[PDB]
Amino acid sequence: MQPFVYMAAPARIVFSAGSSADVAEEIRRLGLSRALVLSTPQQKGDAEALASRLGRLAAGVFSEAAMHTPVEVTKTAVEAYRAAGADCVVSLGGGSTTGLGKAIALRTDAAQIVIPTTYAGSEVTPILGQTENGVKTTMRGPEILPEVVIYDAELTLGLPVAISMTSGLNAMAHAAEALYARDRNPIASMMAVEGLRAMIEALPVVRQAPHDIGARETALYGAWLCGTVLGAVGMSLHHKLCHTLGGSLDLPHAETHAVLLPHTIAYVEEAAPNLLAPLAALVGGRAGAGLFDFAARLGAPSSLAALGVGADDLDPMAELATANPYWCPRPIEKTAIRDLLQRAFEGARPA
Amino acid sequence: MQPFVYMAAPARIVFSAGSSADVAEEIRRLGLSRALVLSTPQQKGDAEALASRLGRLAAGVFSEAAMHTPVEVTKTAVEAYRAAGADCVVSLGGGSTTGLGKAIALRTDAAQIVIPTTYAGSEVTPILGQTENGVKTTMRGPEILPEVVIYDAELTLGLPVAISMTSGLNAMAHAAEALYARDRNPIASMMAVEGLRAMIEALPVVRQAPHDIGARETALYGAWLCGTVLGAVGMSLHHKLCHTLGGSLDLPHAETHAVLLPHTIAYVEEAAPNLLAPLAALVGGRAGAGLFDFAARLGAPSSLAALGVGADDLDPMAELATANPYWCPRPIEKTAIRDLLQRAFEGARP
Ligand SMILES: NC(=O)c1ccc[n+]([C@@H]2O[C@H](COP(=O)([O-])OP(=O)(O)OC[C@H]3O[C@@H](n4cnc5c(N)ncnc54)[C@H](O)[C@@H]3O)[C@@H](O)[C@H]2O)c1
Ligand SMILES: [Ca+2]
Ligand SMILES: [Ca+2]
């Protein structure tokens, strides 16, 4: 056995169809009584309906959560949290809404109850990205990790098919990189394989039947396991490269993960063939190429060109991607990253 | 020959690849000297670079434009505009940045120089949507219409393909309904047909080659014409239904248009085929079915089910759609709206 360390993060995860009906219970269980419900404008109706059902347990609704968690919006939300006399936030939405709740918690120590409605997995990580003075920053710590997560697959029936597929691939990316983390451990590896198996099973079913509650349950369960390992162990080339491209070119988040994942996994697979073998088995081939074929079954975007990246962006990106050293089982090398970017730009099937 | 009224409000439209390098000359031409440059948070770097290029003409940068133009943000922007002693706004970016500049102009009478980077078309309409204490409001008037628009297709090369296609269909929707507007007129109809032609030619090419400057210039020209007619004549069933259904079900705006357009046009075309003939000619002979085929070429979503709409939503939708009587060439009947929604939900070809 390889030496390892395993650290369980504190967690209270409530999982069941209709569980968002019991948000009141969870507020009370924390000994709290005044929730500020959070959403984007695209989920404002749902946030308002939840607040309504909470009655006196709902202190207010702030429905202006914004892409990339900009600090000026967070300042406004914190003013809303204070004015409402809130003692917690209930974050109803995807990674952008979870990020707003995390940014409010950073500033106020609000307890967080997160009700995730995508597959991003932020709800079980201690990581927070923000935009300040036009630049995306990242940090992590125990004060960011949400206290309670309520997974209610009914709230995902309405997640559109295209974002369901790319967000599902974003989840799979967390699990795939967990398999070869420098601080990999057997529990994170077991959860990663199970999360991959759940997403590979569920996403093709969700594509054909977005209203199928069984398939939605399975995909949400997979998203939870994938987020848990994002929370637990170190990511590598895939997540670093998505952050570089995402940040420098303003690319759509989940789509960037979907496009890059077959190529970043193929890059590492040359060096980590045994660690990626469970993934290769699940995709019925090579880990990188098999992911590409799986993404094609889902109809996900497959080229960086489709995301608005130009051929003249590839050299500057290969430079930025190699500027700051981090660990990978295969060392990051500029020419090899430049080749990876060219294949992802082309939408080529990994070799 | 139908009677008509034609009204035009002044606007100056500058269109060329690289034109955004010439913003200072446009500000000077207006006799203005103190611009507040506007953007979203993620586009702050671009706004600050533009502001640097403006030199003495830049009075500040305000980079908090938000989706749906919340009054709360507008108040902060107006405080910044007044503190900067500004005389105009330069709205660099998408529809939400155009919207912020309009909301500032309403309150301050600021002149607006818009530099659009999307196909939203807001830069050439007198319409302003805002949100106040969570409620969406809309208004329109000549004071909201931007004075100058600088169209630089080089700024649109990075617009992702998926949103390029669905926002391009949303633009086409303005032009298609302009053809049968109660207050239709020959210039709006001419501009609508040309905008449709431009979109139909350009969008398939953009999909294959998003950095092709010629295709992007053609698409941006189409977006301009489609936005102009949105601002000129009265929309109908298509725009009503999108506003209802996208708004009450919180669906993404462009996608709702993309899905519904073949069905709403097919519905009207049953009654008014002659007004839609110019569009039908551009898409293979039937306007509604032809738009369905066109949207399929682009890879746009084709059903409401794919947008997360549930079977149970269709009923309250049809009722809500018929709550306000409004004008359409074909009488709107709740039954018929229900069936149209069901065909859209299935992704059935009209
Ligand atoms: N800190 C972390 O551990 C972590 C992990 C993953 C992602 N993220 C961050 O999260 C953000 C991306 O999150 P995301 O991919 O979930 O997208 P998102 O939260 O940006 O959501 C995209 C859109 O989909 C809508 N939506 C979400 N769920 C819906 C539902 N079920 N029904 C209808 N509409 C729904 C949202 O309202 C929004 O308008 C990025 O900022 C990313 O960096 C952070
Ligand atoms: Ca805490
Ligand atoms: Ca004016």
# chains A, B, ... in the order shown; residues from 1 in each chain; ligands from 1

call {"tool": "interface_residues", "arguments": {"of": "chain A", "to": "chain B", "cutoff": "9 Å", "atoms": "only C-alpha atoms", "output": "PyMOL selection string"}}
result
chain A and resi 41-45+62-64+66-68+70+72-73+131-136+156-162+207-211+247+249-252+305-311

call {"tool": "residues_near_ligand", "arguments": {"ligand": "ligand 1", "cutoff": "6 Å", "atoms": "only C-alpha atoms and all ligand atoms", "output": "PDB file with N, CA, C and O atoms, in the first residue's frame"}}
result
ATOM      1  N   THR A  40     -29.597  33.267  -8.373  1.00  0.00           N
ATOM      2  CA  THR A  40     -29.421  34.102  -9.547  1.00  0.00           C
ATOM      3  C   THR A  40     -30.787  34.648 -10.012  1.00  0.00           C
ATOM      4  O   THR A  40     -31.861  34.231  -9.517  1.00  0.00           O
ATOM      5  N   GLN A  42     -32.073  33.853 -12.776  1.00  0.00           N
ATOM      6  CA  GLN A  42     -32.659  32.740 -13.522  1.00  0.00           C
ATOM      7  C   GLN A  42     -33.357  31.719 -12.630  1.00  0.00           C
ATOM      8  O   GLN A  42     -34.051  30.809 -13.130  1.00  0.00           O
ATOM      9  N   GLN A  43     -33.168  31.844 -11.313  1.00  0.00           N
ATOM     10  CA  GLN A  43     -33.832  30.956 -10.363  1.00  0.00           C
ATOM     11  C   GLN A  43     -34.568  31.749  -9.253  1.00  0.00           C
ATOM     12  O   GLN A  43     -34.893  31.194  -8.195  1.00  0.00           O
ATOM     13  N   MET A  67     -22.401  35.719 -12.245  1.00  0.00           N
ATOM     14  CA  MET A  67     -21.275  34.886 -12.712  1.00  0.00           C
ATOM     15  C   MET A  67     -19.975  35.399 -12.090  1.00  0.00           C
ATOM     16  O   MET A  67     -19.742  36.611 -12.058  1.00  0.00           O
ATOM     17  N   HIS A  68     -19.166  34.464 -11.586  1.00  0.00           N
ATOM     18  CA  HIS A  68     -17.785  34.717 -11.152  1.00  0.00           C
ATOM     19  C   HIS A  68     -17.694  35.459  -9.823  1.00  0.00           C
ATOM     20  O   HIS A  68     -16.618  35.951  -9.478  1.00  0.00           O
ATOM     21  N   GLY A  93     -29.297  26.936  -6.013  1.00  0.00           N
ATOM     22  CA  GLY A  93     -28.767  27.169  -7.379  1.00  0.00           C
ATOM     23  C   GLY A  93     -27.517  26.375  -7.637  1.00  0.00           C
ATOM     24  O   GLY A  93     -27.225  25.426  -6.889  1.00  0.00           O
ATOM     25  N   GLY A  94     -26.792  26.760  -8.691  1.00  0.00           N
ATOM     26  CA  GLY A  94     -25.565  26.085  -9.063  1.00  0.00           C
ATOM     27  C   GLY A  94     -24.341  26.732  -8.399  1.00  0.00           C
ATOM     28  O   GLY A  94     -24.476  27.430  -7.378  1.00  0.00           O
ATOM     29  N   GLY A  95     -23.170  26.442  -8.945  1.00  0.00           N
ATOM     30  CA  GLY A  95     -21.896  26.902  -8.428  1.00  0.00           C
ATOM     31  C   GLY A  95     -21.866  28.409  -8.241  1.00  0.00           C
ATOM     32  O   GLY A  95     -21.270  28.873  -7.297  1.00  0.00           O
ATOM     33  N   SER A  96     -22.494  29.180  -9.127  1.00  0.00           N
ATOM     34  CA  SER A  96     -22.454  30.641  -8.905  1.00  0.00           C
ATOM     35  C   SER A  96     -23.225  31.076  -7.661  1.00  0.00           C
ATOM     36  O   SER A  96     -22.816  32.022  -6.955  1.00  0.00           O
ATOM     37  N   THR A  97     -24.323  30.406  -7.348  1.00  0.00           N
ATOM     38  CA  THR A  97     -25.108  30.744  -6.165  1.00  0.00           C
ATOM     39  C   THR A  97     -24.408  30.225  -4.899  1.00  0.00           C
ATOM     40  O   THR A  97     -24.331  30.946  -3.878  1.00  0.00           O
ATOM     41  N   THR A 117     -28.374  22.738  -7.515  1.00  0.00           N
ATOM     42  CA  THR A 117     -29.288  22.400  -8.607  1.00  0.00           C
ATOM     43  C   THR A 117     -28.517  22.122  -9.897  1.00  0.00           C
ATOM     44  O   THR A 117     -29.119  22.014 -10.957  1.00  0.00           O
ATOM     45  N   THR A 118     -27.186  22.065  -9.809  1.00  0.00           N
ATOM     46  CA  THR A 118     -26.359  21.595 -10.944  1.00  0.00           C
ATOM     47  C   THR A 118     -25.423  20.524 -10.434  1.00  0.00           C
ATOM     48  O   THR A 118     -25.592  20.014  -9.309  1.00  0.00           O
ATOM     49  N   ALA A 120     -21.998  20.937 -10.324  1.00  0.00           N
ATOM     50  CA  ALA A 120     -20.679  21.585 -10.082  1.00  0.00           C
ATOM     51  C   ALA A 120     -19.954  21.060  -8.841  1.00  0.00           C
ATOM     52  O   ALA A 120     -18.718  20.985  -8.836  1.00  0.00           O
ATOM     53  N   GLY A 121     -20.715  20.755  -7.773  1.00  0.00           N
ATOM     54  CA  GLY A 121     -20.068  20.157  -6.594  1.00  0.00           C
ATOM     55  C   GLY A 121     -19.466  21.125  -5.583  1.00  0.00           C
ATOM     56  O   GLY A 121     -18.898  20.675  -4.592  1.00  0.00           O
ATOM     57  N   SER A 122     -19.580  22.441  -5.830  1.00  0.00           N
ATOM     58  CA  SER A 122     -19.000  23.474  -4.901  1.00  0.00           C
ATOM     59  C   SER A 122     -19.523  23.327  -3.482  1.00  0.00           C
ATOM     60  O   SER A 122     -18.832  23.707  -2.503  1.00  0.00           O
ATOM     61  N   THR A 125     -17.046  21.685  -1.118  1.00  0.00           N
ATOM     62  CA  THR A 125     -15.644  22.070  -1.146  1.00  0.00           C
ATOM     63  C   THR A 125     -15.394  23.327  -0.317  1.00  0.00           C
ATOM     64  O   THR A 125     -16.302  24.156  -0.122  1.00  0.00           O
ATOM     65  N   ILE A 127     -13.473  25.711  -1.279  1.00  0.00           N
ATOM     66  CA  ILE A 127     -12.825  26.612  -2.243  1.00  0.00           C
ATOM     67  C   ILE A 127     -13.769  27.741  -2.661  1.00  0.00           C
ATOM     68  O   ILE A 127     -14.964  27.497  -2.891  1.00  0.00           O
ATOM     69  N   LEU A 128     -13.250  28.975  -2.748  1.00  0.00           N
ATOM     70  CA  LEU A 128     -14.066  30.100  -3.210  1.00  0.00           C
ATOM     71  C   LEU A 128     -13.292  30.926  -4.256  1.00  0.00           C
ATOM     72  O   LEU A 128     -12.176  31.344  -3.982  1.00  0.00           O
ATOM     73  N   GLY A 129     -13.888  31.108  -5.436  1.00  0.00           N
ATOM     74  CA  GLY A 129     -13.374  32.008  -6.485  1.00  0.00           C
ATOM     75  C   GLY A 129     -14.191  33.294  -6.493  1.00  0.00           C
ATOM     76  O   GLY A 129     -15.413  33.263  -6.323  1.00  0.00           O
ATOM     77  N   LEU A 155     -35.440  19.261  -7.950  1.00  0.00           N
ATOM     78  CA  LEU A 155     -35.036  20.606  -8.306  1.00  0.00           C
ATOM     79  C   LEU A 155     -34.114  20.628  -9.543  1.00  0.00           C
ATOM     80  O   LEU A 155     -33.847  21.681 -10.098  1.00  0.00           O
ATOM     81  N   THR A 156     -33.675  19.453  -9.956  1.00  0.00           N
ATOM     82  CA  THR A 156     -32.854  19.320 -11.154  1.00  0.00           C
ATOM     83  C   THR A 156     -33.606  18.879 -12.386  1.00  0.00           C
ATOM     84  O   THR A 156     -33.030  18.840 -13.471  1.00  0.00           O
ATOM     85  N   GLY A 158     -35.624  20.469 -13.992  1.00  0.00           N
ATOM     86  CA  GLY A 158     -35.674  21.635 -14.869  1.00  0.00           C
ATOM     87  C   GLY A 158     -34.335  22.138 -15.362  1.00  0.00           C
ATOM     88  O   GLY A 158     -34.263  23.185 -16.048  1.00  0.00           O
ATOM     89  N   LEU A 159     -33.268  21.404 -15.044  1.00  0.00           N
ATOM     90  CA  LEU A 159     -31.945  21.857 -15.491  1.00  0.00           C
ATOM     91  C   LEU A 159     -31.865  21.537 -16.992  1.00  0.00           C
ATOM     92  O   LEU A 159     -32.037  20.401 -17.402  1.00  0.00           O
ATOM     93  N   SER A 167     -22.163  20.370 -17.222  1.00  0.00           N
ATOM     94  CA  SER A 167     -21.940  20.376 -15.791  1.00  0.00           C
ATOM     95  C   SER A 167     -21.627  18.948 -15.319  1.00  0.00           C
ATOM     96  O   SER A 167     -20.792  18.768 -14.415  1.00  0.00           O
ATOM     97  N   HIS A 253     -17.846  28.320 -18.216  1.00  0.00           N
ATOM     98  CA  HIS A 253     -17.148  27.434 -17.251  1.00  0.00           C
ATOM     99  C   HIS A 253     -17.320  25.926 -17.541  1.00  0.00           C
ATOM    100  O   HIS A 253     -16.322  25.204 -17.820  1.00  0.00           O
ATOM    101  N   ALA A 254     -18.560  25.438 -17.472  1.00  0.00           N
ATOM    102  CA  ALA A 254     -18.764  23.997 -17.599  1.00  0.00           C
ATOM    103  C   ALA A 254     -18.336  23.508 -18.980  1.00  0.00           C
ATOM    104  O   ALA A 254     -17.756  22.429 -19.132  1.00  0.00           O
TER     105      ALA A 254
END

call {"tool": "residues_near_ligand", "arguments": {"ligand": "ligand 2", "cutoff": "10 Å", "atoms": "only C-alpha atoms and all ligand atoms", "output": "PyMOL selection string"}}
result
chain A and resi 88+102+105-106+108-112+126+141-148

call {"tool": "select_by_dssp", "arguments": {"residues": "segment 103-306 of chain B", "states": "strand (DSSP E)", "output": "ChimeraX atom specification"}}
result
/B:111-116,127-132,135-140,148-151

call {"tool": "write_last_selection", "arguments": {"atoms": "N, CA and C atoms", "output": "compact mmCIF listing (two decimals), in the first residue's frame"}}
result
# COMPACT_ATOMS: atom_id res chain seq x y z
N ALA B 111 -25.48 61.50 -22.95
CA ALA B 111 -25.36 60.91 -24.28
C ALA B 111 -24.76 59.52 -24.16
N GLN B 112 -25.12 58.63 -25.08
CA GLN B 112 -24.62 57.25 -25.06
C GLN B 112 -23.89 56.90 -26.36
N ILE B 113 -22.68 56.39 -26.20
CA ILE B 113 -21.88 55.79 -27.27
C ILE B 113 -21.79 54.32 -26.95
N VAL B 114 -22.44 53.47 -27.76
CA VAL B 114 -22.53 52.01 -27.45
C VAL B 114 -21.58 51.27 -28.36
N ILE B 115 -20.86 50.31 -27.78
CA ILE B 115 -19.93 49.49 -28.55
C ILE B 115 -20.31 48.04 -28.28
N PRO B 116 -21.26 47.53 -29.07
CA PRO B 116 -21.83 46.19 -28.74
C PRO B 116 -20.89 45.08 -29.09
N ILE B 127 -35.97 50.97 -25.91
CA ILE B 127 -36.64 50.20 -24.85
C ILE B 127 -35.69 49.95 -23.68
N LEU B 128 -36.18 50.14 -22.46
CA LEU B 128 -35.36 49.84 -21.29
C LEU B 128 -36.10 48.94 -20.32
N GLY B 129 -35.50 47.78 -20.04
CA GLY B 129 -36.00 46.91 -18.95
C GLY B 129 -35.15 47.11 -17.70
N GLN B 130 -35.79 47.12 -16.53
CA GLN B 130 -35.08 47.31 -15.27
C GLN B 130 -35.72 46.38 -14.27
N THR B 131 -35.07 46.19 -13.14
CA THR B 131 -35.68 45.40 -12.07
C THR B 131 -35.60 46.26 -10.81
N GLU B 132 -36.72 46.39 -10.10
CA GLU B 132 -36.78 47.20 -8.87
C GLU B 132 -37.52 46.42 -7.80
N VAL B 135 -39.04 43.30 -9.11
CA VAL B 135 -40.04 43.32 -10.18
C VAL B 135 -39.43 43.92 -11.45
N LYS B 136 -39.59 43.19 -12.54
CA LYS B 136 -39.18 43.67 -13.86
C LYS B 136 -40.17 44.72 -14.32
N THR B 137 -39.65 45.79 -14.90
CA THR B 137 -40.45 46.84 -15.49
C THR B 137 -39.83 47.11 -16.88
N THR B 138 -40.64 47.64 -17.79
CA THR B 138 -40.18 48.04 -19.12
C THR B 138 -40.76 49.40 -19.41
N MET B 139 -40.03 50.20 -20.17
CA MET B 139 -40.54 51.47 -20.64
C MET B 139 -39.80 51.76 -21.93
N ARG B 140 -40.22 52.80 -22.63
CA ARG B 140 -39.56 53.21 -23.86
C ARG B 140 -39.77 54.69 -24.11
N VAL B 148 -25.08 57.16 -30.52
CA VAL B 148 -24.07 56.64 -31.44
C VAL B 148 -23.83 55.17 -31.13
N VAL B 149 -23.70 54.36 -32.17
CA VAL B 149 -23.33 52.96 -32.03
C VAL B 149 -22.14 52.69 -32.90
N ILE B 150 -21.13 52.05 -32.32
CA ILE B 150 -19.93 51.72 -33.06
C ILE B 150 -19.91 50.19 -33.14
N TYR B 151 -20.07 49.68 -34.36
CA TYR B 151 -20.07 48.24 -34.59
C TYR B 151 -18.73 47.81 -35.14

call {"tool": "residues_around", "arguments": {"residues": "residue 261 of chain A", "least_positions_apart": "6", "cutoff": "8 Å", "atoms": "only C-alpha atoms", "output": "PyMOL selection string"}}
result
chain A and resi 169+173+238+288+291

call {"tool": "residues_near_ligand", "arguments": {"ligand": "ligand 3", "cutoff": "8 Å", "atoms": "only C-alpha atoms and all ligand atoms", "output": "PyMOL selection string"}}
result
chain B and resi 105-106+109-112+142-147

call {"tool": "residues_around", "arguments": {"residues": "segment 329-345 of chain A", "least_positions_apart": "5", "cutoff": "8 Å", "atoms": "only C-alpha atoms", "output": "PyMOL selection string"}}
result
chain A and resi 180+182+237+259-260+263-264+267-268+270-272+302-305+309+311+314-315+318-319+321-322+350

call {"tool": "write_last_selection", "arguments": {"atoms": "N, CA and C atoms", "output": "short mmCIF file (atom, residue, chain, number, x, y, z; two decimals), in the first residue's frame"}}
result
data_model
loop_
_atom_site.label_atom_id
_atom_site.label_comp_id
_atom_site.auth_asym_id
_atom_site.auth_seq_id
_atom_site.Cartn_x
_atom_site.Cartn_y
_atom_site.Cartn_z
N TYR A 180 -5.42 10.51 -9.60
CA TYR A 180 -3.96 10.65 -9.66
C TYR A 180 -3.44 11.81 -8.85
N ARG A 182 -1.65 13.97 -6.05
CA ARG A 182 -0.43 13.72 -5.30
C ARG A 182 -0.78 13.19 -3.91
N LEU A 237 -3.42 19.30 -13.70
CA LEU A 237 -3.45 19.96 -15.00
C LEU A 237 -4.87 20.35 -15.46
N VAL A 259 -14.89 20.43 -22.90
CA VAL A 259 -13.99 20.40 -24.06
C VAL A 259 -12.59 19.85 -23.73
N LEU A 260 -12.04 20.33 -22.61
CA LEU A 260 -10.64 19.99 -22.28
C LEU A 260 -10.49 18.58 -21.72
N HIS A 263 -8.59 15.63 -23.33
CA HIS A 263 -7.21 15.97 -23.68
C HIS A 263 -6.32 16.05 -22.48
N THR A 264 -6.84 16.60 -21.37
CA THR A 264 -6.03 16.72 -20.16
C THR A 264 -5.86 15.33 -19.57
N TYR A 267 -3.31 13.47 -21.64
CA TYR A 267 -1.94 13.94 -21.34
C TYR A 267 -1.41 13.17 -20.13
N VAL A 268 -2.22 13.07 -19.06
CA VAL A 268 -1.75 12.41 -17.83
C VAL A 268 -1.69 10.89 -17.99
N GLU A 270 -0.60 9.05 -20.24
CA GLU A 270 0.73 8.57 -20.68
C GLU A 270 1.60 8.24 -19.46
N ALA A 271 1.41 8.95 -18.35
CA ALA A 271 2.20 8.77 -17.12
C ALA A 271 1.51 8.05 -15.96
N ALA A 272 0.19 7.95 -15.97
CA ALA A 272 -0.56 7.40 -14.88
C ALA A 272 -1.50 6.34 -15.35
N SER A 302 -17.08 20.01 -28.23
CA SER A 302 -15.84 19.25 -28.29
C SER A 302 -14.66 20.06 -28.75
N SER A 303 -14.84 21.32 -29.12
CA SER A 303 -13.66 22.12 -29.54
C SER A 303 -13.59 23.46 -28.86
N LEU A 304 -12.37 23.93 -28.65
CA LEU A 304 -12.19 25.24 -28.06
C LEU A 304 -12.64 26.31 -29.07
N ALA A 305 -12.54 26.00 -30.36
CA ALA A 305 -13.01 26.98 -31.38
C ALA A 305 -14.48 27.28 -31.19
N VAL A 309 -12.47 30.50 -28.74
CA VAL A 309 -11.02 30.63 -28.70
C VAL A 309 -10.50 30.74 -30.16
N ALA A 311 -7.21 30.74 -32.97
CA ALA A 311 -5.87 30.16 -33.17
C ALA A 311 -4.74 31.04 -32.58
N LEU A 314 -3.67 30.50 -28.72
CA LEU A 314 -3.11 29.22 -28.22
C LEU A 314 -1.70 29.37 -27.68
N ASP A 315 -0.88 30.16 -28.36
CA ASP A 315 0.50 30.39 -27.84
C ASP A 315 0.49 31.15 -26.50
N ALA A 318 -0.55 28.72 -23.84
CA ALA A 318 0.46 27.72 -23.49
C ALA A 318 1.51 28.37 -22.56
N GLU A 319 1.82 29.65 -22.80
CA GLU A 319 2.72 30.40 -21.90
C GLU A 319 2.15 30.58 -20.49
N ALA A 321 -0.14 28.85 -19.07
CA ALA A 321 -0.33 27.54 -18.45
C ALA A 321 0.96 26.96 -17.89
N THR A 322 2.10 27.51 -18.31
CA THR A 322 3.38 26.99 -17.84
C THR A 322 4.12 27.96 -16.94
N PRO A 350 -8.55 12.37 -28.91
CA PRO A 350 -7.24 12.06 -28.35
C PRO A 350 -6.72 10.74 -28.90
#

call {"tool": "closest_residue", "arguments": {"among": "B:36, B:181, B:50, B:118", "to": "residue 81 of chain B", "atoms": "only C-alpha atoms"}}
result
B:36

call {"tool": "residues_around", "arguments": {"residues": "residue 225 of chain A", "least_positions_apart": "4", "cutoff": "9 Å", "atoms": "only C-alpha atoms", "output": "PyMOL selection string"}}
result
chain A and resi 121+171+175+188+191-192+194-196+220-221+229-230

call {"tool": "closest_residue", "arguments": {"among": "B:262, B:284, B:85, B:299", "to": "residue 203 of chain B", "atoms": "only C-alpha atoms"}}
result
B:299

call {"tool": "residues_around", "arguments": {"residues": "residue 77 of chain A", "least_positions_apart": "5", "cutoff": "10 Å", "atoms": "only C-alpha atoms", "output": "NGL selection string"}}
result
:A and (36 or 38 or 61-65 or 71-72 or 82-83 or 100-101 or 103-104)

call {"tool": "residues_around", "arguments": {"residues": "residue 5 of chain A", "least_positions_apart": "4", "cutoff": "9 Å", "atoms": "only C-alpha atoms", "output": "CSV table (one decimal) with N, CA and C atoms, in the first residue's frame"}}
result
chain,number,residue,atom,x,y,z
A,183,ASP,N,-1.8,13.7,-3.3
A,183,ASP,CA,-2.3,13.3,-2.0
A,183,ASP,C,-3.6,12.4,-2.1
A,184,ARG,N,-3.5,11.6,-3.1
A,184,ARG,CA,-4.6,10.6,-3.3
A,184,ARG,C,-4.7,9.6,-2.1
A,185,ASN,N,-5.9,9.2,-1.8
A,185,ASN,CA,-6.1,8.2,-0.8
A,185,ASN,C,-7.1,7.2,-1.2

call {"tool": "closest_residue", "arguments": {"among": "B:124, B:93, B:328, B:212", "to": "residue 179 of chain B", "atoms": "only C-alpha atoms"}}
result
B:328

call {"tool": "closest_residue", "arguments": {"among": "B:9, B:190, B:196, B:57", "to": "residue 141 of chain B", "atoms": "only C-alpha atoms"}}
result
B:9

call {"tool": "select_by_dssp", "arguments": {"residues": "segment 24-141 of chain A", "states": "helix (DSSP H, G or I)", "output": "PyMOL selection string"}}
result
chain A and resi 24-29+41-57+71-83+95-108+122-124
